[PDB]
Structure formats: structure tokens, C-alpha cells
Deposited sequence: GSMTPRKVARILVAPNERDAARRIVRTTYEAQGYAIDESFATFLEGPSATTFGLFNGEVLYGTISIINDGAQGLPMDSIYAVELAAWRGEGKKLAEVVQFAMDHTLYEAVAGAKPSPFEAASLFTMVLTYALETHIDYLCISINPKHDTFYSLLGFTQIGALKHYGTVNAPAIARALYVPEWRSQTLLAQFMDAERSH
């Protein structure tokens, strides 16, 4: 599916779609040597979470979720709590984008995060509709430079993320003026 492609990005609602989303995350993280923790699944079946999916002609190949700052906090809190405390004091709506995974076997890849562009648009629209102030991410240092181009400013140092047993930096983006934080906005 690359010369007659059909890519569908939508909210995952059916229990079997969410199981399949968890399966992609599980396989992807095991291949990259990340640990799978049951805390992420907990957050996702909670009220303040939303899972998106990416379909190659009806088979799911990619997924991304977003967790809203509620009474259960954010997964970031175990590592980057005090980096968020200032914003929480000012009464800022925060949300963490989480469990982003693509299965490279199910999509004719570039041989790459920019092939999840439609998943990102869905996260961005959600953030502009929910009236979210700061969109937070904790990412593997290898994609650090990519998300910096996307306009995410570094808010946390390079630490060890115990949940994943892998290194992480924290980045955040001010959604209400996202176009002023990204270089790609010069081309529109």
C-alpha cells in the first residue's frame, strides 16, 4: 500500500481496536528495548485519556494517545513533576501526549515520525478544541531534534525514565500560539 494507498486516522473506540493499539505499543517497545509498564494501560482506560489510531486500509499500524491533567496527574509526574508544578499553580490546562507507536512491518515505510503526520493533526486539533495550554512530551533523546523543529521547547533535563527503563527529556508546546514556536510556520 504505497502506490494505491489508503491511510485512515481516527479515534479508537472499540475494545478490540484499543487492544490492537496496545499490541503495537508492546511490540514496538520490546523491539527498541523499552520496558512495558501496566501504568500506561491504566491511564488509557481512564476518563481523561483518548487513543487515536492509524489504519492501512483497515489494519491498524500506528497509534497515539493523549492524557488530560486530572486527579490522577500525568505519567510525566514520576520524573518531571516539579517541572510542571509552576504551570499547575497558574491554573494551566496540561496534557501529555503518550504511547506513540508505529509498526514498521505493516506500513511501507520511508525507512520515521513524519509518517504519523495525520495522527499529529488529530492531537493538535484535539488540543485546540479542548483549549489545552501546554502539550507535554517525554521522548527518547533520538527524536529530540525532530520535536524541537515541531516547536516543542525543552522543559526537563535528560533523566532516566524508570517506567520505561530508558533515557528521556521533557518538552512542551504552548498550543494557543503554536505557529510562533515552529520554523515550519514561515512556509504558510
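Novice: Given the full deposited sequence, which segments carry no C-alpha coordinates?
Specialist: Unobserved in coordinates, per deposited numbering: 112-115, 193-198.
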